[PDB]
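Nothing in this text is a laboratory measurement; each read-out follows from the coordinates by a stated rule. Positions of Cβ are generated from backbone atoms using ideal geometry, with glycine treated the same way; all protein chains shown enter the neighbour counts.
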Amino acid sequence: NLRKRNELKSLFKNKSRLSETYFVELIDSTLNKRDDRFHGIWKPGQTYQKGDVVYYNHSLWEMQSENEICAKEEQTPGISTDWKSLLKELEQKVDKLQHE
Amino acid sequence: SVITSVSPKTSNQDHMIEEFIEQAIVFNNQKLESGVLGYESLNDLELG
């Protein structure tokens, strides 16, 4: 949040010595997928925790279960009852009104 | 002047030839820099 690519690139030159403040600024300024809760695309074989956000087909899903889970091959967001999404609830509701 | 060779029966000097040994080698080549980025292996950066 603090710095840009052109500011971070300014600390790593050809004749300088390393220091811990450079890595502190490097770690704080990029996105930590564990601490900010965002993992990108769903993959089987991972482990997730309560609150994680994941993109599966055309929707973002938040995990509801409070204990860690192993992402199983044949359990996928939409099939299981761990995950949740609003773009599907609202989709079905509007489909219902359209049909009615 | 005309150039010729050295001989142990016209002078008392010869050509000096000895054997080169690999394990007894010493290098004479100093590093231009040390301890900074771009000049050391990743194992040797101490994060000063």
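Give the residue, chosen from B:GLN30, B:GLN13, that is assigned to a loop (DSSP other than H, G, I, E, B), under 20 Å from A:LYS15 (Cβ atoms) and away from chain A (no Cβ under 14 Å).
Working: B:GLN13 fails: under 20 Å from A:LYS15 (Cβ atoms).
Unique residue meeting the criteria: B:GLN30.
Using the structure shown, decide if A:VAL24 is under 15 Å from A:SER80 (Cβ atoms) and among the β-branched types (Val, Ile, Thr). Can you show your working first?
Details: under 15 Å from A:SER80 (Cβ atoms): no; among the β-branched types (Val, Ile, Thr): yes.
It is false that A:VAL24 is under 15 Å from A:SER80 (Cβ atoms) and among the β-branched types (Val, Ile, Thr).
Summed over segment A:82-100, residues that are in a loop (DSSP other than H, G, I, E, B) and within 19 Å of the chain's Cα centre (by Cα) total 2.
Residues in segment A:1-38 that are outside any loop (DSSP other than H, G, I, E, B) and surrounded by 13 or more Cβ atoms within 10 Å (Cβ to Cβ) were compared, and the one that is farthest from the other protein chains (Cβ to nearest Cβ) is A:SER29.
How many residues, within segment A:39-77, are exposed (fewer than 13 other Cβ atoms within 10 Å of the Cβ), over 11 Å from the mean Cα position of the chain (by Cα) and without any contact (Cβ under 8 Å) to a residue 24 or more places away in the chain? So that I can check it myself, show each step before the final result.
Here is the first cut: in segment A:39-77, the residues exposed (fewer than 13 other Cβ atoms within 10 Å of the Cβ) are A:40-41, A:43-47, A:51, A:57-58, A:64, A:66-68, A:70, A:72-74.
This time we only want the ones that are over 11 Å from the mean Cα position of the chain (by Cα), so: A:43-47, A:57-58, A:64, A:66-68, A:70, A:72-74.
Next cut, without any contact (Cβ under 8 Å) to a residue 24 or more places away in the chain only: A:57, A:64, A:66-68, A:74.
Of the residues in segment A:39-77, 6 are exposed (fewer than 13 other Cβ atoms within 10 Å of the Cβ), over 11 Å from the mean Cα position of the chain (by Cα) and without any contact (Cβ under 8 Å) to a residue 24 or more places away in the chain.
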